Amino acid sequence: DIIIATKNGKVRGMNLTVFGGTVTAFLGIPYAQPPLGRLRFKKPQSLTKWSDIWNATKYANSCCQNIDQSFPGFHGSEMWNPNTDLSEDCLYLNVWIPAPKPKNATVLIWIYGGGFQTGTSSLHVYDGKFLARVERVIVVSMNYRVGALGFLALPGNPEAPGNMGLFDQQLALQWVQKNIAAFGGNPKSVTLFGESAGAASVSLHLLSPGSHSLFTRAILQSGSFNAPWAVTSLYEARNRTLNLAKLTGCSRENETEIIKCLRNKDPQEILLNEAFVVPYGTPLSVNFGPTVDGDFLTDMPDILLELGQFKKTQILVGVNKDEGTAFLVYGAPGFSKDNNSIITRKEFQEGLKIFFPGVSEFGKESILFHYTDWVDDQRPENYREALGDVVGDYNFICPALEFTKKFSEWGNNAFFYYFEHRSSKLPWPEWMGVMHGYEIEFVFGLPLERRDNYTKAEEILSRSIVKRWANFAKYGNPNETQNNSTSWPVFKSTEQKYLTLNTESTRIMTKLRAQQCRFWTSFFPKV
């Protein structure tokens, strides 16, 4: 029998067959009291011992969230939708241990993304069994409250203070500290990693002192807190909370009466009103997300970073080549996943209105000008690809580069990557390229399964990315081998060297899209 004794009771696990070996899996371990009833909108309360044996034998419920039904039956959009039942009772975590049991393994802890409104740790592409089997690490993931139930903010009021989902994550990190040694893990070798809003979450754990003692190193894939979508200002969050009360019939005089009212609404009557709390919303609007709660985050994050008040440790950071294209099919005129999406100069200007609703006409013109210095003005696809780059540069690439730059200047080793490979099984059209979220299966080893119709070069790439990630976790260095391997050099603010990742040639390059990012760092804020 597969049984491990946690400090909240015993828990029973499960054996998995992975590449002629065994991976012991505990799926759905609870880490907090279910945020039901009077605990709705509050920080996670710690758990009390249970008598029996908890059966960590299946994935648990995913936290309440709206679903993406833009393309029913499409694997491209539905692979991100939750694959378990939805419930407010969702604060569970999973653990993958290599077999035979290790004596002191390094732990990788995964924070999924989803714009702080969607996501779940039980998706097929976050399966930690391959990492555990191939690299001998313990892999941990946790479900955390998303949407208004996770990030509703009446700042200073304990009944709904903001950043609950971030505290959800942090309490899972407290569990790993208190419990992972019992499974074979080293609490002193813990690496957080995550993608998109999960990468923004990872970078926020670097700033928050409460998290500092709970992990060793960080990996940020396609996200960081200085992204334009990551953090809501103190009082914009409160004003979206009030608009939600009004939208549900919960506008009261004192705040505790608003929260008391919101607690009697059904989850689905809250979810159906979240989209409306912001007046003109981009396809990248974070309705309810992190805020300066004065508890998890004591100041706006850009200030803490500039003043050097953050955890001093090594970071691995990177972005994909076409981060932006995924968002053009969700509201830009002339874009479909089913045609080649060739657009015109005015269809471009209307695309910019969708993504920059508050920017002036002079500002929207300067953007268009910076992205229209064609190398071949005969190329029809010019405007289709220019708009994807604008969305990609402004929202993901340039902030991640600027975060790495600023972080590197305080004396800790940073590494930057450019993921350039398109999946051979990607369900989306060609014109979208190396999309947001499509390095994850390569990081989690899914191409190592040959039963899965992957190309041999993709297995070699995935095997290489898996080794580099797990080595960065163990040693603070993302090396593959000492010989027959490109040395991945440190990102330094002068040279700004990064490593590209693809099947043809992994190269050391410099100053990724500097001419583009110079626009967003040095001209766009002045507009």
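In this text, residue numbers run from 1 along the sequence as written.
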query	finding
Of 48-56 and 493-501, the one with larger mean CA B-factor	48-56
Higher-B stretch (mean Cα B-factor, as the entry records it), 140-148 or 97-105	97-105
Per the PDB entry, maximal CA B factor within 451, 312, 370, 406	451
From 330, 116, 415, 442, residue of greatest CA B-factor	330
Modelled-residue ranking by C-alpha temperature factor, third containing residue 471	lowest
Position of residue 180 among the chain's modelled residues by C-alpha B-factor, lowest, middle or highest third	middle
CA B-factor ranking of residue 514, expressed as a third of its chain	lowest
Third of the chain's Cα B-factor distribution that residue 72 belongs to, per the entry	highest
Chain thirds of CA B-factor: placement of residue 196	lowest
